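This is protein34.pdb. It holds PDB, C-alpha atoms.
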ATOM      1  CA  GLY A   1     -27.527   1.975   0.130
ATOM      2  CA  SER A   2     -27.418   4.934  -2.228
ATOM      3  CA  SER A   3     -28.237   8.630  -2.245
ATOM      4  CA  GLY A   4     -27.540  10.294   1.082
ATOM      5  CA  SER A   5     -25.909   8.842   4.174
ATOM      6  CA  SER A   6     -25.671  11.578   6.778
ATOM      7  CA  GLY A   7     -22.866  11.922   9.296
ATOM      8  CA  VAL A   8     -19.932  12.382   6.949
ATOM      9  CA  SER A   9     -17.276  14.898   5.976
ATOM     10  CA  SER A  10     -17.023  14.064   2.293
ATOM     11  CA  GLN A  11     -17.440  10.487   1.129
ATOM     12  CA  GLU A  12     -16.989   7.529   3.447
ATOM     13  CA  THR A  13     -16.508   5.267   0.450
ATOM     14  CA  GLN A  14     -16.545   5.433  -3.331
ATOM     15  CA  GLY A  15     -15.854   2.956  -6.107
ATOM     16  CA  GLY A  16     -15.169  -0.301  -4.305
ATOM     17  CA  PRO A  17     -16.825  -2.764  -1.915
ATOM     18  CA  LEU A  18     -16.525  -2.727   1.858
ATOM     19  CA  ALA A  19     -15.640  -5.693   4.037
ATOM     20  CA  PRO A  20     -18.555  -7.057   6.077
ATOM     21  CA  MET A  21     -16.736  -7.565   9.357
ATOM     22  CA  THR A  22     -13.306  -7.992  10.899
ATOM     23  CA  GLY A  23     -11.877 -11.061   9.208
ATOM     24  CA  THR A  24      -8.920 -12.389   7.255
ATOM     25  CA  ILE A  25      -8.564 -12.675   3.497
ATOM     26  CA  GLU A  26      -8.384 -16.376   2.726
ATOM     27  CA  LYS A  27      -8.480 -16.233  -1.055
ATOM     28  CA  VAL A  28      -8.313 -13.505  -3.672
ATOM     29  CA  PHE A  29      -9.893 -14.060  -7.067
ATOM     30  CA  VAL A  30      -9.213 -10.585  -8.405
ATOM     31  CA  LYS A  31      -6.430  -8.282  -9.536
ATOM     32  CA  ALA A  32      -5.653  -4.878 -10.995
ATOM     33  CA  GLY A  33      -6.742  -4.209 -14.558
ATOM     34  CA  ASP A  34      -8.988  -7.233 -14.193
ATOM     35  CA  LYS A  35     -12.577  -7.724 -15.290
ATOM     36  CA  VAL A  36     -15.375  -8.818 -12.988
ATOM     37  CA  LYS A  37     -19.145  -9.118 -13.148
ATOM     38  CA  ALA A  38     -21.684  -7.822 -10.658
ATOM     39  CA  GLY A  39     -22.106 -10.655  -8.184
ATOM     40  CA  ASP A  40     -18.728 -12.258  -8.776
ATOM     41  CA  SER A  41     -16.499 -13.936  -6.219
ATOM     42  CA  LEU A  42     -13.853 -11.279  -5.700
ATOM     43  CA  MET A  43     -12.149 -12.597  -2.587
ATOM     44  CA  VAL A  44     -12.739 -14.797   0.435
ATOM     45  CA  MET A  45     -12.638 -13.656   4.042
ATOM     46  CA  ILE A  46     -12.506 -15.472   7.360
ATOM     47  CA  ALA A  47     -14.200 -14.030  10.424
ATOM     48  CA  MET A  48     -16.413 -16.442  12.325
ATOM     49  CA  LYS A  49     -14.448 -19.463  11.168
ATOM     50  CA  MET A  50     -16.732 -19.152   8.167
ATOM     51  CA  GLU A  51     -16.046 -18.454   4.511
ATOM     52  CA  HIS A  52     -17.447 -15.083   3.514
ATOM     53  CA  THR A  53     -17.539 -14.790  -0.258
ATOM     54  CA  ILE A  54     -17.157 -11.073  -0.864
ATOM     55  CA  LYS A  55     -19.388 -10.674  -3.895
ATOM     56  CA  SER A  56     -18.905  -7.648  -6.119
ATOM     57  CA  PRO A  57     -21.463  -4.858  -5.693
ATOM     58  CA  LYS A  58     -21.259  -3.977  -9.368
ATOM     59  CA  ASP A  59     -19.264  -4.572 -12.530
ATOM     60  CA  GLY A  60     -16.068  -2.784 -13.486
ATOM     61  CA  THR A  61     -12.351  -3.107 -14.123
ATOM     62  CA  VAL A  62     -10.562  -3.772 -10.854
ATOM     63  CA  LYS A  63      -8.279  -0.784 -10.419
ATOM     64  CA  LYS A  64      -6.165  -2.266  -7.652
ATOM     65  CA  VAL A  65      -6.528  -4.579  -4.678
ATOM     66  CA  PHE A  66      -5.502  -3.450  -1.214
ATOM     67  CA  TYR A  67      -5.609  -6.944   0.234
ATOM     68  CA  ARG A  68      -4.185 -10.390  -0.416
ATOM     69  CA  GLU A  69      -4.119 -13.909   0.977
ATOM     70  CA  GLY A  70      -3.599 -13.842   4.725
ATOM     71  CA  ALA A  71      -4.610 -10.202   4.954
ATOM     72  CA  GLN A  72      -6.386  -8.589   7.882
ATOM     73  CA  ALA A  73      -9.353  -6.386   7.067
ATOM     74  CA  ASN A  74     -11.576  -4.331   9.339
ATOM     75  CA  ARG A  75     -15.309  -3.727   9.502
ATOM     76  CA  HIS A  76     -16.222  -1.446   6.624
ATOM     77  CA  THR A  77     -12.884  -1.321   4.843
ATOM     78  CA  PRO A  78     -11.790  -0.962   1.212
ATOM     79  CA  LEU A  79     -10.901  -4.308  -0.316
ATOM     80  CA  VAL A  80     -10.784  -3.436  -3.997
ATOM     81  CA  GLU A  81     -11.069  -0.250  -6.020
ATOM     82  CA  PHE A  82     -12.956   0.031  -9.288
ATOM     83  CA  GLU A  83     -11.657   1.928 -12.296
ATOM     84  CA  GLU A  84     -12.993   5.376 -13.106
ATOM     85  CA  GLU A  85     -16.551   5.030 -14.351
ATOM     86  CA  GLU A  86     -17.169   6.189 -17.901
ATOM     87  CA  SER A  87     -20.306   6.704 -19.955
ATOM     88  CA  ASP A  88     -23.075   6.520 -17.381
ATOM     89  CA  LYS A  89     -25.504   9.326 -16.636
ATOM     90  CA  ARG A  90     -27.911   8.681 -13.787
ATOM     91  CA  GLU A  91     -31.563   9.646 -14.033
ATOM     92  CA  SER A  92     -33.587  12.057 -11.933
ATOM     93  CA  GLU A  93     -36.952  13.778 -11.723
ATOM     94  CA  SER A  94     -38.241  16.975 -10.160
ATOM     95  CA  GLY A  95     -41.619  18.579  -9.576
ATOM     96  CA  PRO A  96     -43.294  21.783  -8.375
ATOM     97  CA  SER A  97     -43.967  22.400  -4.702
ATOM     98  CA  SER A  98     -46.830  24.148  -2.947
ATOM     99  CA  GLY A  99     -45.009  25.512   0.078
TER     100      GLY A  99
END

Structure translated into C-alpha cells:
Amino acid sequence: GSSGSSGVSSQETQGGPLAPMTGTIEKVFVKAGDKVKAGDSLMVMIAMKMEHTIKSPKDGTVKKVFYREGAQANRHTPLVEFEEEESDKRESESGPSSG
C-alpha cells in the first residue's frame, strides 16, 4: 500500500505501523530511540484470543511508542512512530503523452 489512497484530507498515516484489528497489547518489544529491523517483532496484540505479532513494516529508529502492556488499540491505529527519515530519495519516471 503506497502511492495514492483516495478519500483523505491530508495523510491518514505516516511513519509508523497500524494495528490490524481491535485488540490488546500483550507484549511490547520496542521503545523510543530504539533500533529495529524490517520484519521485527515490535509488540504483541490480543484480539481473537490469538497472539498477533505486529511486525515492523520497515526499519528505523523508534521515535516513541503510544502503547504498552495491557493497552487497548483500535483497528488502524498508530502503535509506534518512526524517527524522521534521512538520506533517501525515491525514484520516478515520466514519458510523453499523445493526447

Neighbours of residue A:45 within 6 Å (all atoms listed in the file; same-chain residues fewer than 3 positions away dropped), as a list in words?
->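 These residues fall inside the cut-off: residues 23, 24, 25, 26, 51 and 52 of chain A.
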
Residue IDs satisfying the PyMOL selection byres ((chain A and resi 75) around 6), as a list in words =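 In the shown coordinates, the PyMOL selection byres ((chain A and resi 75) around 6) covers residues 19, 20, 21, 22, 74, 76 and 77 of chain A.
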
Selection under test: the PyMOL selection byres ((chain A and resi 36) around 7); residues as a compact mmCIF listing (two decimals) with C-alpha atoms, keeping the file's coordinate frame:
# COMPACT_ATOMS: atom_id res chain seq x y z
CA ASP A 34 -8.99 -7.23 -14.19
CA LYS A 35 -12.58 -7.72 -15.29
CA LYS A 37 -19.14 -9.12 -13.15
CA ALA A 38 -21.68 -7.82 -10.66
CA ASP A 40 -18.73 -12.26 -8.78
CA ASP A 59 -19.26 -4.57 -12.53
CA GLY A 60 -16.07 -2.78 -13.49
CA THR A 61 -12.35 -3.11 -14.12

Can you work out which one of A:96, A:1, A:33, A:16 has the shortest atom-to-atom distance to residue A:81, counting all atoms listed in the file?
->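 The shortest atom-to-atom distance to residue A:81 comes from A:16.
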
Gap from atom CA of residue A:71 to atom CA of residue A:55 - Å, one decimal |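 Going from atom CA of residue A:71 over to atom CA of residue A:55, I get 17.2 Å.
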
Take atom CA of residue A:89 and atom CA of residue A:43 and report the distance between them in Å, one decimal.
->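 Distance between the two atoms: 29.3 Å.
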